[PDB]
């Protein structure tokens, strides 16, 4: 029914540490005023397509803007993220409070078992299974917990490129059976697993030039796809598949290694038969 997306404004946003390669050399290189403008434009674009809910940002946790990593939602349930890095672990109580205040039933992993939420685990849009990344942030051993808690098949995919350290930076299930992804971010076995399930006519394969601009980090609502700047080649492939592309600049967030999809969490994920 209704589609609702959770975002968190950049009131306290900065690059203060280095926990992925995009952040290297970028400490205090973000413009907070430009980040506000970019986030506001993204917020407006998303709000034209879905309801947007907000969680108040916490000072001292600049990556809280990246709500995709708050947890993994299905129905009335959420698996709360347990961050790999101490630099984001302080976001956990704030996200937990939002989920509890908004009526979700929260599952929590053991403190020593990292898992970084929808940013690292994305449902097939027909609900057939959950694609779950591992290799840099989420632990493979977390996947059976998610499978049981959410009663879903989990298809584990191994990330091999430190630039593409969250599943959502290189992999984006879309409506209509389509999958937008960057194959070199995955090992050979994981590519074979993807290929077994998604036939060639449903694959929208990005090249490295688009991948490094976070083309796969896209927000898809129905036939609309929202992302950072991408090539005309990719835009034409998406248009041929039936999608309406909306671009909005996110350079200040790429300095932290995230883009449009990372700045969002779809909190209405229906359970489908």
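Residue numbers count along the first chain shown, from 1.
When 67 to 75 is weighed against 90 to 98, 90 to 98 comes out higher, by mean CA B-factor as recorded in the entry. Comparing the deposited coordinates for 154 to 162 and 101 to 109, the stretch with the larger average C-alpha B-factor is 101 to 109. Taking only the listed residues 173, 133, 176, 117, the entry reports the highest CA temperature factor at 176. Per the PDB record, 141 has a higher Cα B-factor than any other of 141, 187, 195, 124. The entry lists a Cα temperature factor for residue 25 that places it in the highest third of the chain's modelled residues. Sort the modelled residues of the chain by CA B factor and residue 50 lands in the highest third. In the PDB entry, a CA B factor belonging to the middle third of its chain's modelled residues is recorded for residue 209. Residue 218: CA B factor in the lowest third of modelled residues in this chain (values from the PDB entry). Residue 181 sits in the lowest third of its chain by CA B factor, as recorded in the PDB entry.
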